[PDB]
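Trainee:
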Amino acid sequence: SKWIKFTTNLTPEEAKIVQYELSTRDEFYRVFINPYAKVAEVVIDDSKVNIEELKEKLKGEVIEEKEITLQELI
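Reminder that position 13 of the sequence shown reads as 10 in this note's numbering, one-by-one numbering, no gaps.
(1) Quickly, what does DSSP pair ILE1 with across the bridge? List them, please.
(2) Would you give the residue range spanned by the alpha helix (DSSP H) that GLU53 belongs to?
(3) Please check the pair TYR17 and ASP43, which I expect to be a contact at CB under 8 Å, by giving their CB distance rounded to whole angstroms.
(4) Determine the burial state of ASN47: buried for a count of at least 16 other Cβ atoms within 10 Å of its Cβ, exposed for fewer.
(5) Across which residues does DSSP place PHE25 in a beta bridge pair?
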């Protein structure tokens, strides 16, 4: 899996991420994002590498911080 953070803000922004990683089609897989909760923690199964993901979430970038793309925490 991956546990990456994001922007905790706009319901229709935790929505925009779906389109950015939508290009990631045959590799982008299990997605769970919360465009409701301003949480911005994404545990996603996606097997590209994610360096492109890193790019797209790097467009919000305001407070998206660290690429500790680990499981979850514990």
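Every residue, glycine too, gets a C-beta built ideally from N, C-alpha and C.
Mentor: With the structure as the only source:
(1) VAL39
(2) 48 to 53
(3) Wrong, their Cβ atoms sit about 12 Å apart, outside the cutoff.
(4) buried
(5) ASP43
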